[PDB]
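Let's start with one chain on its own, the form deposited in one PDB entry, as structure tokens.
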């Protein structure tokens, strides 16, 4: 009788153990799948971030050079504007002198 009882509790504990085993196998399968998906996403995001940071470097380079050109050409513009102001001044003076000489010639 005692051996029958021990056979019984043993068969029960065994059944529970095997059922827990199928649980754990199913769960490791699920977990491996999800890990592969997540590592794939991580790798993809890594590639995209590297690309984006590179584009940041390139565009920052281009922008800085562009800024220096804008400043350079702003200076060139002020210098030109001044050169033209002065040349125009010389022309106005000449035209005054010419017009005055016309006045005296007609007065003669």
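Think of the rigid core as the biggest set of C-alphas that the two forms share within 1.5 Å after superposition. Numbering follows the first chain given and starts at 1. Shifts are known only where both forms have a C-alpha.
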{"query": "Greater mean Cα temperature factor according to the PDB record, 27-35 or 67-75", "finding": "27-35"}
{"query": "Residue range whose averaged C-alpha B-factor is higher in the record, 7-15 or 80-88", "finding": "7-15"}
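One more form of this protein should be noted, the form deposited in another entry, which is absent from this view; the next part is about it.
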{"property": "Flag for residue 95, CA shift 2 Å or larger between this form and the one not shown after aligning core", "result": "yes"}
{"property": "Structural rearrangement between this form and the one not shown, runs of 3 or more with C-alpha shift of 2 angstroms or more, core superposed", "result": "90-108"}
